[PDB]
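Novice: File run-v5.cif below, mmCIF, C-alpha atoms and all ligand atoms:
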data_final
#
loop_
_atom_site.label_atom_id
_atom_site.label_comp_id
_atom_site.auth_asym_id
_atom_site.auth_seq_id
_atom_site.Cartn_x
_atom_site.Cartn_y
_atom_site.Cartn_z
CA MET O 1 0.00 0.00 0.00
CA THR O 2 1.58 3.22 -1.24
CA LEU O 3 -0.13 6.02 0.69
CA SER O 4 -0.43 9.45 -0.97
CA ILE O 5 -2.15 12.77 -0.37
CA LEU O 6 -4.10 14.18 -3.33
CA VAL O 7 -5.08 17.84 -2.99
CA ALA O 8 -5.54 21.22 -4.68
CA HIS O 9 -4.70 24.25 -2.55
CA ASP O 10 -4.27 27.94 -3.32
CA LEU O 11 -1.42 30.35 -2.50
CA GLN O 12 -2.63 30.51 1.12
CA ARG O 13 -3.42 26.77 1.31
CA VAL O 14 -7.19 27.27 1.03
CA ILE O 15 -8.82 24.01 -0.11
CA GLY O 16 -12.52 24.70 0.37
CA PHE O 17 -15.37 27.13 0.87
CA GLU O 18 -18.83 26.12 2.09
CA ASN O 19 -18.16 22.45 1.32
CA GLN O 20 -17.19 23.16 -2.30
CA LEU O 21 -13.98 23.82 -4.24
CA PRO O 22 -13.49 27.61 -4.40
CA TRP O 23 -12.28 27.39 -8.02
CA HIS O 24 -13.64 26.14 -11.32
CA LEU O 25 -10.75 24.25 -12.92
CA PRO O 26 -11.71 21.25 -15.15
CA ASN O 27 -8.10 20.28 -15.88
CA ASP O 28 -7.41 19.55 -12.21
CA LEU O 29 -10.38 17.25 -11.96
CA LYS O 30 -8.94 15.48 -15.05
CA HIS O 31 -5.58 15.29 -13.24
CA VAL O 32 -7.37 13.78 -10.25
CA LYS O 33 -9.12 11.28 -12.55
CA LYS O 34 -5.87 10.22 -14.23
CA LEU O 35 -3.99 9.71 -10.97
CA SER O 36 -6.69 7.83 -9.08
CA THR O 37 -8.50 5.67 -11.67
CA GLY O 38 -8.04 2.03 -10.71
CA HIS O 39 -6.93 2.88 -7.19
CA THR O 40 -8.45 3.92 -3.86
CA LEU O 41 -9.78 7.23 -2.52
CA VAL O 42 -10.09 7.76 1.23
CA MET O 43 -12.17 10.79 2.17
CA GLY O 44 -13.95 12.26 5.19
CA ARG O 45 -17.75 12.30 5.35
CA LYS O 46 -18.17 15.98 4.48
CA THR O 47 -16.00 15.65 1.41
CA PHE O 48 -18.10 12.71 0.26
CA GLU O 49 -21.38 14.56 0.80
CA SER O 50 -20.02 17.42 -1.27
CA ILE O 51 -19.25 15.18 -4.25
CA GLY O 52 -22.64 13.55 -3.67
CA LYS O 53 -21.89 10.21 -5.35
CA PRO O 54 -18.95 7.79 -5.66
CA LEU O 55 -16.43 8.58 -8.37
CA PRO O 56 -16.56 5.86 -11.04
CA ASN O 57 -13.79 3.36 -11.72
CA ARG O 58 -11.99 3.42 -8.37
CA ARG O 59 -12.62 2.33 -4.82
CA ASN O 60 -14.44 4.99 -2.77
CA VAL O 61 -13.75 4.76 0.96
CA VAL O 62 -15.44 7.13 3.39
CA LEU O 63 -14.28 7.75 6.95
CA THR O 64 -17.08 8.54 9.39
CA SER O 65 -18.20 7.87 12.96
CA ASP O 66 -21.72 7.21 11.58
CA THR O 67 -22.44 3.48 12.09
CA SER O 68 -25.61 3.95 9.97
CA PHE O 69 -23.54 5.14 7.06
CA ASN O 70 -24.09 2.93 4.06
CA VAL O 71 -24.03 4.11 0.47
CA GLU O 72 -24.10 1.98 -2.67
CA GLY O 73 -20.65 1.91 -4.26
CA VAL O 74 -18.94 3.11 -1.10
CA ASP O 75 -16.91 1.22 1.46
CA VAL O 76 -16.98 2.62 4.99
CA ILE O 77 -14.28 2.81 7.63
CA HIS O 78 -14.66 4.18 11.17
CA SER O 79 -11.05 4.83 12.22
CA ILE O 80 -7.79 6.21 10.83
CA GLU O 81 -6.16 2.87 11.60
CA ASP O 82 -8.42 1.23 9.02
CA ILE O 83 -6.64 3.12 6.23
CA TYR O 84 -3.51 1.02 6.66
CA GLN O 85 -5.41 -2.20 5.93
CA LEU O 86 -6.47 -1.01 2.48
CA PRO O 87 -4.63 -2.70 -0.41
CA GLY O 88 -2.97 -0.99 -3.34
CA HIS O 89 -2.28 2.67 -4.00
CA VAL O 90 -4.37 4.69 -1.52
CA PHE O 91 -5.00 8.42 -1.99
CA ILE O 92 -6.04 10.62 0.94
CA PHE O 93 -8.64 12.70 -0.88
CA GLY O 94 -9.72 15.25 1.76
CA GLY O 95 -10.92 17.24 3.45
CA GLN O 96 -9.10 19.43 6.02
CA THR O 97 -9.61 16.99 8.89
CA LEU O 98 -8.23 13.95 7.05
CA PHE O 99 -5.28 15.99 5.67
CA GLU O 100 -4.36 17.13 9.20
CA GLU O 101 -4.62 13.57 10.45
CA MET O 102 -2.54 12.07 7.62
CA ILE O 103 0.08 14.61 6.42
CA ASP O 104 2.64 13.22 8.90
CA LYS O 105 1.97 9.64 7.71
CA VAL O 106 1.85 9.64 3.92
CA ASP O 107 4.75 8.64 1.63
CA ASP O 108 4.13 11.42 -0.84
CA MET O 109 1.74 14.15 -1.98
CA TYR O 110 0.21 15.07 -5.31
CA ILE O 111 -0.51 18.77 -4.90
CA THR O 112 -2.10 21.12 -7.40
CA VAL O 113 -1.07 24.61 -6.39
CA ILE O 114 -3.81 26.97 -7.50
CA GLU O 115 -1.87 30.16 -8.15
CA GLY O 116 -4.48 32.54 -6.74
CA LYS O 117 -6.01 33.80 -3.48
CA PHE O 118 -9.56 32.59 -2.83
CA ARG O 119 -11.91 33.07 0.11
CA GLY O 120 -11.84 29.83 2.08
CA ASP O 121 -13.09 28.22 5.28
CA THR O 122 -10.97 25.07 5.12
CA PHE O 123 -7.21 24.74 4.70
CA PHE O 124 -4.42 22.29 3.94
CA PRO O 125 -1.95 22.06 6.86
CA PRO O 126 1.27 24.13 6.57
CA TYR O 127 4.30 22.22 5.28
CA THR O 128 7.86 23.12 4.27
CA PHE O 129 9.86 22.13 1.18
CA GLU O 130 12.70 21.54 3.61
CA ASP O 131 10.86 18.27 4.38
CA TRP O 132 9.69 17.41 0.84
CA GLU O 133 11.59 16.76 -2.36
CA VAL O 134 10.03 18.02 -5.61
CA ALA O 135 9.87 14.80 -7.67
CA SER O 136 8.18 16.85 -10.38
CA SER O 137 6.67 20.26 -11.00
CA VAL O 138 4.53 20.80 -14.10
CA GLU O 139 2.71 24.01 -15.05
CA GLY O 140 -0.92 23.48 -16.00
CA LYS O 141 -1.97 24.69 -19.44
CA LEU O 142 -4.43 27.57 -19.56
CA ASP O 143 -7.26 27.88 -22.05
CA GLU O 144 -10.88 29.01 -22.40
CA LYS O 145 -12.12 26.50 -19.82
CA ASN O 146 -9.10 26.66 -17.48
CA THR O 147 -8.17 30.21 -16.66
CA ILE O 148 -6.41 30.09 -13.28
CA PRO O 149 -2.67 29.36 -13.36
CA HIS O 150 -1.87 26.14 -11.58
CA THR O 151 1.07 23.85 -10.97
CA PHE O 152 1.10 20.10 -10.46
CA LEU O 153 3.57 19.05 -7.74
CA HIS O 154 4.61 15.55 -6.84
CA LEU O 155 6.36 15.81 -3.45
CA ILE O 156 8.15 12.93 -1.72
CA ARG O 157 9.03 12.97 1.98
CA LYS O 158 12.77 13.52 2.51
CA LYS O 159 14.68 11.06 4.68
CA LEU O 160 16.31 12.27 7.87
CA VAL O 161 20.03 11.54 7.63
CA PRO O 162 23.01 12.54 9.82
CA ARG O 163 24.51 15.81 8.48
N1 LIG O 201 -9.11 21.34 -2.63
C1 LIG O 201 -9.09 20.01 -2.42
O1 LIG O 201 -8.26 19.27 -2.96
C2 LIG O 201 -10.13 19.39 -1.54
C3 LIG O 201 -10.24 18.01 -1.43
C4 LIG O 201 -11.24 17.48 -0.62
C5 LIG O 201 -12.08 18.32 0.10
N2 LIG O 201 -11.96 19.65 -0.02
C6 LIG O 201 -12.80 20.56 0.76
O2 LIG O 201 -12.57 20.32 2.16
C7 LIG O 201 -13.72 20.74 2.91
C8 LIG O 201 -14.20 19.71 3.93
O3 LIG O 201 -13.20 19.40 4.91
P1 LIG O 201 -13.63 19.06 6.44
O4 LIG O 201 -12.43 18.85 7.29
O5 LIG O 201 -14.62 20.14 6.83
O6 LIG O 201 -14.44 17.67 6.31
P2 LIG O 201 -13.88 16.23 5.85
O7 LIG O 201 -12.50 15.98 6.39
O8 LIG O 201 -14.23 16.04 4.40
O9 LIG O 201 -14.89 15.33 6.70
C9 LIG O 201 -14.86 15.40 8.12
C10 LIG O 201 -15.64 14.22 8.65
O10 LIG O 201 -14.85 13.07 8.41
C11 LIG O 201 -15.10 12.10 9.41
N3 LIG O 201 -13.84 11.81 10.09
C12 LIG O 201 -12.70 12.51 9.95
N4 LIG O 201 -11.73 11.97 10.71
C13 LIG O 201 -12.25 10.92 11.37
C14 LIG O 201 -11.77 9.92 12.33
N5 LIG O 201 -10.49 9.93 12.77
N6 LIG O 201 -12.64 8.98 12.76
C15 LIG O 201 -13.92 8.95 12.34
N7 LIG O 201 -14.43 9.83 11.46
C16 LIG O 201 -13.65 10.82 10.95
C17 LIG O 201 -16.07 12.73 10.40
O11 LIG O 201 -17.35 12.38 9.91
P3 LIG O 201 -18.66 12.23 10.87
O12 LIG O 201 -18.81 13.62 11.41
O13 LIG O 201 -19.72 11.79 9.89
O14 LIG O 201 -18.24 11.19 11.87
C18 LIG O 201 -15.80 14.20 10.16
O15 LIG O 201 -16.86 15.05 10.60
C19 LIG O 201 -14.80 21.03 1.88
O16 LIG O 201 -14.86 22.45 1.71
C20 LIG O 201 -14.30 20.46 0.57
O17 LIG O 201 -14.75 21.29 -0.50
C21 LIG O 201 -11.01 20.18 -0.81
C1 LIG O 202 -15.19 19.03 -2.69
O1 LIG O 202 -15.51 18.69 -4.01
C2 LIG O 202 -14.55 17.93 -4.71
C3 LIG O 202 -13.34 17.61 -4.13
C4 LIG O 202 -12.41 16.88 -4.86
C5 LIG O 202 -11.09 16.54 -4.20
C6 LIG O 202 -9.87 17.03 -4.96
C7 LIG O 202 -9.92 17.97 -6.01
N1 LIG O 202 -8.77 18.32 -6.61
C8 LIG O 202 -7.61 17.82 -6.22
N2 LIG O 202 -6.42 18.19 -6.89
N3 LIG O 202 -7.52 16.94 -5.25
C9 LIG O 202 -8.61 16.53 -4.58
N4 LIG O 202 -8.48 15.60 -3.52
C10 LIG O 202 -12.70 16.43 -6.15
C11 LIG O 202 -13.93 16.75 -6.72
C12 LIG O 202 -14.23 16.30 -8.14
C13 LIG O 202 -14.91 15.18 -8.47
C14 LIG O 202 -15.29 14.97 -9.93
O2 LIG O 202 -16.34 15.43 -10.34
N5 LIG O 202 -14.46 14.25 -10.85
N6 LIG O 202 -13.23 13.66 -10.45
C15 LIG O 202 -12.61 12.71 -11.36
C16 LIG O 202 -13.63 12.02 -12.29
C17 LIG O 202 -13.41 10.70 -12.73
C18 LIG O 202 -14.34 10.07 -13.56
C19 LIG O 202 -15.49 10.75 -13.96
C20 LIG O 202 -15.71 12.05 -13.52
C21 LIG O 202 -14.76 12.69 -12.69
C22 LIG O 202 -14.96 14.12 -12.19
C23 LIG O 202 -14.27 15.12 -13.13
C24 LIG O 202 -14.37 14.69 -14.58
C25 LIG O 202 -15.56 14.87 -15.27
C26 LIG O 202 -15.67 14.47 -16.59
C27 LIG O 202 -14.59 13.89 -17.24
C28 LIG O 202 -13.39 13.71 -16.56
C29 LIG O 202 -13.28 14.10 -15.23
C30 LIG O 202 -14.84 17.50 -5.99
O3 LIG O 202 -16.06 17.84 -6.56
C31 LIG O 202 -16.00 19.12 -7.14
#
Just dump the structure as structure tokens.
Specialist:
Amino acid sequence: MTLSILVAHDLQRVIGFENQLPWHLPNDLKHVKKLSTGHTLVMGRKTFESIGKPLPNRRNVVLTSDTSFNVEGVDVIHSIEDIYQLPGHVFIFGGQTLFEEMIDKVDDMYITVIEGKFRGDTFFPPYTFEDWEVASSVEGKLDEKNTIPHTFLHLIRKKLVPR
């Protein structure tokens, strides 16, 4: 089980406003689709309710304390510890709560930096590039449907070594 974070955050690490993405950026949702098809998404309950339905062609896992929670096409877990029993490549998909709980545990992060400043009410936790190697950094292409500059980062946790 490779464990990754998958997230879009803006210049101030805003990830959400009123249970929605603050930005309209089709290409990032395509990026998300390409990375996670055939794999597993782990998400908190609020993030799932925002999307409204499972994303097709991958395993949709929802973390919640609700023992009544049962949705067709969705697997449910009730603790963080359950994440580690999931097979394959697992992506931590959001939202703020799950990111805060997992950022110290994941192998790597796929971050789309939205190069703007949006009003938000939910944030990605602060992190420093002193701790994370830039495996790749790719500028998103802008066009008629995708008008906010954005950058795809793949960050891998650096190892702590003596001097
Ligand atoms: N920009 C991005 O890439 C991105 C990605 C995803 C989401 N978002 C945004 O993030 C925002 C939502 O984040 P959020 O923190 O408010 O909600 P969230 O993390 O999506 O969901 C929180 C819920 O997850 C469940 N949960 C979390 N940790 C748990 C644990 N250890 N044990 C049991 N249950 C647990 C609880 O559900 P119960 O209360 O049901 O027990 C909790 O209330 C939205 O605005 C959304 O638009 C942004
Ligand atoms: C809070 O709301 C949301 C949060 C996130 C998390 C997220 C956001 N961004 C980053 N970077 N990380 C992330 N964790 C995500 C979504 C998007 C879901 C979604 O609709 N899709 N996702 C892939 C997918 C795969 C198959 C079919 C449809 C889709 C569509 C896009 C699409 C539509 C048509 C064709 C191709 C793709 C979302 O809802 C707006």
Novice: Between stretch 83-157 of chain O and stretch 51-71 of chain O, at 10 Å or less, what are the per-residue closest atom pairs and their distances in Å? Count all atoms listed in the file, order by chain and rising residue number, and return it as CSV.
Specialist:
residue,atom,partner,partner_atom,distance
O:83,CA,O:63,CA,9.0
O:86,CA,O:61,CA,9.4
O:90,CA,O:59,CA,9.2
O:91,CA,O:61,CA,9.9
O:92,CA,O:61,CA,9.7
O:93,CA,O:61,CA,9.6
O:98,CA,O:63,CA,8.7
Novice: Write to file, as an mmCIF file, in the coordinates of the input, the residues of the selection just made, with C-alpha atoms.
Specialist:
data_model
loop_
_atom_site.group_PDB
_atom_site.id
_atom_site.type_symbol
_atom_site.label_atom_id
_atom_site.label_comp_id
_atom_site.auth_asym_id
_atom_site.auth_seq_id
_atom_site.Cartn_x
_atom_site.Cartn_y
_atom_site.Cartn_z
ATOM 1 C CA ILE O 83 -6.640 3.120 6.230
ATOM 2 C CA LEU O 86 -6.470 -1.010 2.480
ATOM 3 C CA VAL O 90 -4.370 4.690 -1.520
ATOM 4 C CA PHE O 91 -5.000 8.420 -1.990
ATOM 5 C CA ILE O 92 -6.040 10.620 0.940
ATOM 6 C CA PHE O 93 -8.640 12.700 -0.880
ATOM 7 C CA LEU O 98 -8.230 13.950 7.050
#
Novice: Counting only C-alpha atoms and all ligand atoms, figure out which residue out of O:18, O:104, O:10, O:28 gets nearest to ligand LIG 202 (chain O).
Specialist: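 Between O:18, O:104, O:10, O:28, the residue approaching ligand LIG 202 (chain O) most closely is O:28.
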Novice: For ligand LIG 201 (chain O), take all atoms listed in the file, fit an axis-aligned box around them, add 4 Å to each of the six sides, then output centre and edge lengths in Å rounded to one decimal, as lines of an AutoDock Vina configuration file.
Specialist:
center_x = -14.0
center_y = 15.7
center_z = 4.9
size_x = 19.5
size_y = 21.5
size_z = 23.7
Novice: Quick one: residues within 9 Å of ligand LIG 201 (chain O), with only C-alpha atoms and all ligand atoms, as a VMD selection string?
Specialist: chain O and resid 6 to 10 13 to 23 43 to 51 62 to 67 69 77 to 81 92 to 101 111 to 112 120 to 124
Novice: Atoms to include: C-alpha atoms. Write the selected residues as a PDB file, in the coordinates of the input.
Specialist:
ATOM      1  CA  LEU O   6      -4.100  14.180  -3.330  1.00  0.00           C
ATOM      2  CA  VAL O   7      -5.080  17.840  -2.990  1.00  0.00           C
ATOM      3  CA  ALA O   8      -5.540  21.220  -4.680  1.00  0.00           C
ATOM      4  CA  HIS O   9      -4.700  24.250  -2.550  1.00  0.00           C
ATOM      5  CA  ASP O  10      -4.270  27.940  -3.320  1.00  0.00           C
ATOM      6  CA  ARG O  13      -3.420  26.770   1.310  1.00  0.00           C
ATOM      7  CA  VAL O  14      -7.190  27.270   1.030  1.00  0.00           C
ATOM      8  CA  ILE O  15      -8.820  24.010  -0.110  1.00  0.00           C
ATOM      9  CA  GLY O  16     -12.520  24.700   0.370  1.00  0.00           C
ATOM     10  CA  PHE O  17     -15.370  27.130   0.870  1.00  0.00           C
ATOM     11  CA  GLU O  18     -18.830  26.120   2.090  1.00  0.00           C
ATOM     12  CA  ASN O  19     -18.160  22.450   1.320  1.00  0.00           C
ATOM     13  CA  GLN O  20     -17.190  23.160  -2.300  1.00  0.00           C
ATOM     14  CA  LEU O  21     -13.980  23.820  -4.240  1.00  0.00           C
ATOM     15  CA  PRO O  22     -13.490  27.610  -4.400  1.00  0.00           C
ATOM     16  CA  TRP O  23     -12.280  27.390  -8.020  1.00  0.00           C
ATOM     17  CA  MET O  43     -12.170  10.790   2.170  1.00  0.00           C
ATOM     18  CA  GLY O  44     -13.950  12.260   5.190  1.00  0.00           C
ATOM     19  CA  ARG O  45     -17.750  12.300   5.350  1.00  0.00           C
ATOM     20  CA  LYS O  46     -18.170  15.980   4.480  1.00  0.00           C
ATOM     21  CA  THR O  47     -16.000  15.650   1.410  1.00  0.00           C
ATOM     22  CA  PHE O  48     -18.100  12.710   0.260  1.00  0.00           C
ATOM     23  CA  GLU O  49     -21.380  14.560   0.800  1.00  0.00           C
ATOM     24  CA  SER O  50     -20.020  17.420  -1.270  1.00  0.00           C
ATOM     25  CA  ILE O  51     -19.250  15.180  -4.250  1.00  0.00           C
ATOM     26  CA  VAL O  62     -15.440   7.130   3.390  1.00  0.00           C
ATOM     27  CA  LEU O  63     -14.280   7.750   6.950  1.00  0.00           C
ATOM     28  CA  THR O  64     -17.080   8.540   9.390  1.00  0.00           C
ATOM     29  CA  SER O  65     -18.200   7.870  12.960  1.00  0.00           C
ATOM     30  CA  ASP O  66     -21.720   7.210  11.580  1.00  0.00           C
ATOM     31  CA  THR O  67     -22.440   3.480  12.090  1.00  0.00           C
ATOM     32  CA  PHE O  69     -23.540   5.140   7.060  1.00  0.00           C
ATOM     33  CA  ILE O  77     -14.280   2.810   7.630  1.00  0.00           C
ATOM     34  CA  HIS O  78     -14.660   4.180  11.170  1.00  0.00           C
ATOM     35  CA  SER O  79     -11.050   4.830  12.220  1.00  0.00           C
ATOM     36  CA  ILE O  80      -7.790   6.210  10.830  1.00  0.00           C
ATOM     37  CA  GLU O  81      -6.160   2.870  11.600  1.00  0.00           C
ATOM     38  CA  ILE O  92      -6.040  10.620   0.940  1.00  0.00           C
ATOM     39  CA  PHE O  93      -8.640  12.700  -0.880  1.00  0.00           C
ATOM     40  CA  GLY O  94      -9.720  15.250   1.760  1.00  0.00           C
ATOM     41  CA  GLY O  95     -10.920  17.240   3.450  1.00  0.00           C
ATOM     42  CA  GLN O  96      -9.100  19.430   6.020  1.00  0.00           C
ATOM     43  CA  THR O  97      -9.610  16.990   8.890  1.00  0.00           C
ATOM     44  CA  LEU O  98      -8.230  13.950   7.050  1.00  0.00           C
ATOM     45  CA  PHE O  99      -5.280  15.990   5.670  1.00  0.00           C
ATOM     46  CA  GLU O 100      -4.360  17.130   9.200  1.00  0.00           C
ATOM     47  CA  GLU O 101      -4.620  13.570  10.450  1.00  0.00           C
ATOM     48  CA  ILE O 111      -0.510  18.770  -4.900  1.00  0.00           C
ATOM     49  CA  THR O 112      -2.100  21.120  -7.400  1.00  0.00           C
ATOM     50  CA  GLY O 120     -11.840  29.830   2.080  1.00  0.00           C
ATOM     51  CA  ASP O 121     -13.090  28.220   5.280  1.00  0.00           C
ATOM     52  CA  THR O 122     -10.970  25.070   5.120  1.00  0.00           C
ATOM     53  CA  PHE O 123      -7.210  24.740   4.700  1.00  0.00           C
ATOM     54  CA  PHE O 124      -4.420  22.290   3.940  1.00  0.00           C
TER      55      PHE O 124
END
Novice: One number please: atom CA of residue O:128 to atom CA of residue O:30, in Å, one decimal.
Specialist: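 Atom-to-atom, atom CA of residue O:128 to atom CA of residue O:30, that is 26.7 Å.
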Novice: Quick one: distance from atom CA of residue O:126 to atom CA of residue O:140 in Å, one decimal?
Specialist: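 The value is 22.7 Å.
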